[PDB]
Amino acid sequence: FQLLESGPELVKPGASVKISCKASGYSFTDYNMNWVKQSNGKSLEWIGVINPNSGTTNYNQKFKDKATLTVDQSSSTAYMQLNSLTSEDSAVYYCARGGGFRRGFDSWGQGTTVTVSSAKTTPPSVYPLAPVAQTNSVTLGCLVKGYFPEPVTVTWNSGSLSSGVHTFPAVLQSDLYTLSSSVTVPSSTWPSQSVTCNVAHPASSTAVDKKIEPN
C-alpha cells in the first residue's frame, strides 16, 4: 500500500495547480482520501476528504473555494486543484489514505512542495570555502547563493571515509535562496587528497562541482 504524488511545482501567483495522488496495492474505491497542508514544516491543516467510490466530497470551511477535490476511478488517482494561488499557499501538501473509523490516516504520500512566487528559476552560484590556524582536523565548505526555487543537493567527494558533513537550511535573501554546506575531514587527507562539493539544482537542471583549494 503506497501513494505517489506529483513532483514539485513552481507557479505564478493567481494561477492554478493540480496535484495527483496515485494509489496502489489496495482497493482504491474502498478507502477515502484526505488531503493535508503543512506550511513551512510547522502545524498540519486538514483540507478535505473525498469518497473515491461515490465521489462525494467534504471540505474544510477554510478551504471551500481554495481547493477542489476530484478522483479518477479508472487510474485509481485522487486529485486536488488549488486556485487563486498566493504566497500563503506555498507549502507541502500530502494525500493520506483514510483507514476508516477509529483507524486514522494509515498511509501518507511523500508530499508535494508547491512554490507560489514571481521569482524566476535561477541556477546557483557556488563559492568554495577554504581556510586562509593549524589543528587536528580541517573543515571546508561550499556556499550556494542566488538560486531559486528550492531545493538543492550538496554531495562531498573526498579521499577519506570519514566526513563530518553538515547541510545548513536555505535562507531567502534578495528574493533568492542561499545555502551553505560544511565538511570536516582529517588534516592528513586534505589538501593531500582532492575534495569536491557537488551542488545539484534539478529545477534548473544544473550540477556544479567545486574542487577546494588551499590558500
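Residues carry their position along the shown sequence, with the first being 1.
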Check your understanding: Does the deposited sequence hold unmodelled residues between residue 132 and residue 133, and if so, how many: none, 1 to 3, 4 to 9, or 10 or more?
Key -> 1 to 3
Check your understanding: Looking only at CA atoms, which has the higher mean B factor in the entry: 108-116 or 68-76?
Key -> 68-76
Study note, to complete from the structure: Higher of the two mean Cα B-factors (120-128, 98-106; per PDB record) comes from 120-128
Check your understanding: Going by the entry, which of 44, 183, 47, 152 has the most elevated CA B factor?
Key -> 152
Practice item. Sort 176, 33, 179, 165 by C-alpha B-factor from the entry and give me just the highest. Key: 176
Practice item. Quick one: classify residue 192 as lowest, middle or highest third of the chain based on its Cα B-factor. Key: highest
Point to revise | residue 11 CA temperature factor, ranked by third within the chain | key: highest
Study note, to complete from the structure: Of the three thirds of the chain ranked by Cα temperature factor, residue 142 occupies the lowest
Check your understanding: What third of its chain's C-alpha B-factors does residue 61 belong to: lowest, middle or highest?
Key -> middle
Study note, to complete from the structure: In terms of its chain's C-alpha B-factors, the third that includes residue 51 is the middle
